[PDB]
Amino acid sequence: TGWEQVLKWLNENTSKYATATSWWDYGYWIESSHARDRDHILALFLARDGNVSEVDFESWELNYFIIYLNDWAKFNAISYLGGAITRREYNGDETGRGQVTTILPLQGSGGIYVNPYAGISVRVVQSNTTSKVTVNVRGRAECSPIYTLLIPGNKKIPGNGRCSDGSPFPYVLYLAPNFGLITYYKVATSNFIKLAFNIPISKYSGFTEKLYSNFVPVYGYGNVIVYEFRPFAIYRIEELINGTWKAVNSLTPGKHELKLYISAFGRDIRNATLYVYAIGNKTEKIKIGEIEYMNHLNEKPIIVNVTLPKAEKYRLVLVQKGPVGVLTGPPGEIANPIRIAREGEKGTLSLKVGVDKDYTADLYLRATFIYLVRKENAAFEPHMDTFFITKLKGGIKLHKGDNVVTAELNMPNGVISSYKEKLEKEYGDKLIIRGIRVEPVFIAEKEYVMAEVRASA
Ligand SMILES: [Ca+2]
Numbered sequence: 492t493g494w495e496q497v498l499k500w501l502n503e504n505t506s507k508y509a510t511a512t513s514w515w516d517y518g519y520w521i522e523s524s537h538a539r540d541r542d543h544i545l546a547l548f549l550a551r552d553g554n555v556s557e558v559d560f561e562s563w564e565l566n567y568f569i570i571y572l573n574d575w576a577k578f579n580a581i582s583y584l585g586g587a588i589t590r591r592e593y594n595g596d597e598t599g600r601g602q603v604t605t606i607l608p609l610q611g612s613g614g615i616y617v618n619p620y621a622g623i624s625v626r627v628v629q630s631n632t633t634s635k636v637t638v639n640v641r642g643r644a645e646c647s648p649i650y651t652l653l654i655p656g657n658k659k660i661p662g663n664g665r666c667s668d669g670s671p672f673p674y675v676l677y678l679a680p681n682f683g684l685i686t687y688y689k690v691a692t693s694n695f696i697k698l699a700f701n702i703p704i705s706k707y708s709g710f711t712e713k714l715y716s717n718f719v720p721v722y723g724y725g726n727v728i729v730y731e732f733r734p735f736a737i738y739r740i741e742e743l744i745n746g747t748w749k750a751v752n753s754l755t756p757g758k759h760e761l762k763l764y765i766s767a768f769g770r771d772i773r774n775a776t777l778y779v780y781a782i783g784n785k786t787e788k789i790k791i792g793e794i795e796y797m798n799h800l801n802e803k804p805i806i807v808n809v810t811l812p813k814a815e816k817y818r819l820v821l822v823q824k825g826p827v828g829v830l831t832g833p834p838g839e840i841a842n843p844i845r846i847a848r849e850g851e852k853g854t855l856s857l858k859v860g861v862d863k864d865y866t867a868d869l870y871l872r873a874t875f876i877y878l879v880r881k882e890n891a892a893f894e895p896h897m898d899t900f901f902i903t904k905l906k907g908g909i910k911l912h913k914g915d916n917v918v919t920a921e922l923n924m925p926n927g928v929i930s931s932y933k934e935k936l937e938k939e940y941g942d943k944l945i946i947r948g949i950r951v952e953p954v955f956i957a958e959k960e961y962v963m964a965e966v967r968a969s970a
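All letters in the sequence shown, in the order written, are residues 492 to 524, 537 to 834, 838 to 882, 890 to 970 by the authors' numbering.
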């Protein structure tokens, strides 16, 4: 399976207060040895592609994203929750009517493939003069995919999208040398496909290169892969050599003029400071530059000149304010920590917080709205809006481990009510609120890791 072995890792390898998430699974039986609203957002990440899928995971203070290949079996549920497909395509109405299989793995050495359970067979003639892909159903009858992508050859083979009986066959095929994959056209380039089966295809330009930099694999045992989440990361480094930008593989010591291709996943960059760690005989950190602001939906390359000391490795990091610390307590007020105080409620708020470094942080009360809007046979787009209600204390010195501060300031009455009706005036009817969260969070100058580059010459 892989869950127990992966959880053996992440216990000695990762930090004490390192948060992690995955899609809900029964593997939780060792994970204990979730939230129905954040499900829509997780599914929004897994089932979708490009800008739309760019979920603010840093708001959750996420450190690791664990993907699980077998979750293909649940992808119908994920797609529908992610806004990719309609109700009918998930289950349909009563006996009959089109239900869709969003993902269907194929076993086979190139180039025959087969799924023993559904009866599907796949022949790839790959010949001259006839390059074609044919999908036997073991039924009625012969189908032709929209197109078939070849991995790693990246050759795309066009098809009808039709069936032998003229019926529609809206599936994109993905053929690797050892395995195949039949995926519905609405999820053909989902992030899950990218991260689980390492199929680097996106509908949007340069997006996969970015994603793979924001989600770095640091472990992976069975059908389970552990990804280190990096909201801000460098996905390409180029150096100006002879008046020509040439892509860097390794950074030699000395003077360099680097073009840094930066990917900001889920959230923008606000007043940042760029650093480089020279990891050799000692950790000397040289500040390379700064970033005033970079929109995370339309990122752009950053040119920086830099002298590099002799070291075994280089760690480019970025520093800016962000959510630090976890709730190591329950937390007078007690009450649910994902909704600690309904509008217009006073008292105290005794909470304890676990941290891994020393932060001079401030304390806000954050509002998180997770909702749905009907865009269609019904299909719902998940939204997650985030905004600081009020500030509590600052600046408090949190040192490694647990910390306790009093914390007490009132929740205004009108805020989340007015916003809950600021959405309702905007949408229908179309609106479906799935989660209302009010939480205490600590914001401090946090060190985000962008990339690690080896040295040479
Ligand atoms: Ca982005």
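Cβ coordinates follow ideal geometry from the N, Cα and C atoms, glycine included.
According to the Cβ coordinates, are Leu-501 and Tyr-567 closer than 8 Å?
With respect to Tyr-567, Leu-501 sits close: the two C-beta atoms are nearer than 8 Å.
Would you decide whether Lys-689 is buried or exposed? Buried here means 16 or more other CB atoms lie within 10 Å of its CB.
buried
Decide yes or no for the touch test of the region 852-865 against the region 908-917: beta carbon pairs closer than 8 Å, at least 3 of them.
yes
Looking at the unbroken alpha helix (DSSP H) that takes in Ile-544, where does it start and where does it end?
If you look at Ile-544, you'll find it in the alpha helix (DSSP H) that goes 541-550.
Per the DSSP calculation, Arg-643 is bridged to which residue(s)?
None, per the DSSP bridge assignment.
Under the criterion of a Cβ to heavy atom distance below 7 Å, does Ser-766 qualify as lining ligand 1?
yes
Can we count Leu-800 as close to ligand 1, meaning its CB is less than 7 Å from some heavy atom?
yes
Any non-hydrogen atom of ligand 1 within 7 Å of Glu-557 CB:
yes
Should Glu-815 and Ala-968 be called a contact, given that it needs their Cβ atoms to be closer than 8 Å?
yes
Beta bridge counterpart(s) of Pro-953 as assigned by DSSP
Looking at the DSSP assignment, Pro-953 forms a beta bridge with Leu-871.
Where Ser-705 falls: helix, strand or coil (DSSP)
If DSSP states are grouped into helix, strand and coil, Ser-705 belongs with coil.
Closest by CA to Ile-789, which one among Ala-781, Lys-852, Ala-576?
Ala-781
So who's on the other strand from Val-917, going by DSSP bridges?
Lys-858
Beta strand (DSSP E) segment containing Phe-718, residue limits
718-723
Going by DSSP, what residue range makes up the alpha helix (DSSP H) through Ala-699?
694-699
Can you look up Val-809 in the DSSP assignment and give me helix, strand or coil?
DSSP, read as helix, strand or coil, puts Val-809 in strand.
Starting from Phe-578 and walking both ways along the alpha helix (DSSP H), at which residues does that stretch end?
578-585
By Cβ distance, which residues of its chain are closer than 6 Å to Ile-902, with the 5 residues on each side in sequence left out?
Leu-871, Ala-873, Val-928
I want to know whether the region 935-946 touches the region 700-717 - three or more CB-CB distances under 8 Å.
Judged by Cβ distances under 8 Å, the region 935-946 makes no contact with the region 700-717, as fewer than three pairs qualify.
Using only the heavy atoms of ligand 1, determine whether one of them is closer than 7 Å to the beta carbon of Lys-803.
no
Taking C-alpha atoms, which residue in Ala-621, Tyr-616, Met-797, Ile-606 lies nearest to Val-628?
Per the Cα distances, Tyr-616.
When you measure from the CB of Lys-933 to every non-hydrogen atom of ligand 1, does any distance come out below 7 Å?
no
Where does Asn-618 sit, in a helix, a strand or coil, going by DSSP?
coil
From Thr-786 to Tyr-865, what distance separates their C-alpha atoms?
20 Å
Which residues in the same chain as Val-829 place their Cβ atom closer than 6 Å to its Cβ, once the five residues preceding and following it in sequence are excluded?
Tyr-508, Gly-860
Who pairs with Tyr-674 in a beta bridge, going by DSSP?
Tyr-687
Buried or exposed by the 16-neighbour rule on C-beta atoms within 10 Å, applied to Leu-800:
exposed
Assign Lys-785 to one of three DSSP states: helix, strand, or coil.
coil
Residue range of the beta strand (DSSP E) that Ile-909 falls in?
909-911
Mind checking whether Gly-586 and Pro-895 have CB atoms under 8 Å apart?
yes
Going along the chain, which residues of its own chain have a beta-carbon closer than 6 Å to the beta-carbon of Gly-948, five neighbours each way excluded?
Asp-540, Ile-876
Should the region 724-740 be regarded as contacting the region 555-571, the criterion being three or more beta carbon pairs within less than 8 Å?
Yes: the two stretches touch, three or more of their Cβ pairs being nearer than 8 Å.
For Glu-882, count the other beta carbons within 10 Å of its own beta carbon; 16 or more makes it buried, fewer makes it exposed. Which is it?
exposed
By alpha-carbon positions, which one of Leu-869, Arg-880, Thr-692 ends up nearest to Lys-904?
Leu-869
Compute the Euclidean distance between the alpha carbons of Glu-760 and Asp-898, then round it to the nearest angstrom.
39 Å
On the DSSP letters alone, give me the boundaries of the alpha helix (DSSP H) that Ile-929 sits inside.
928-937
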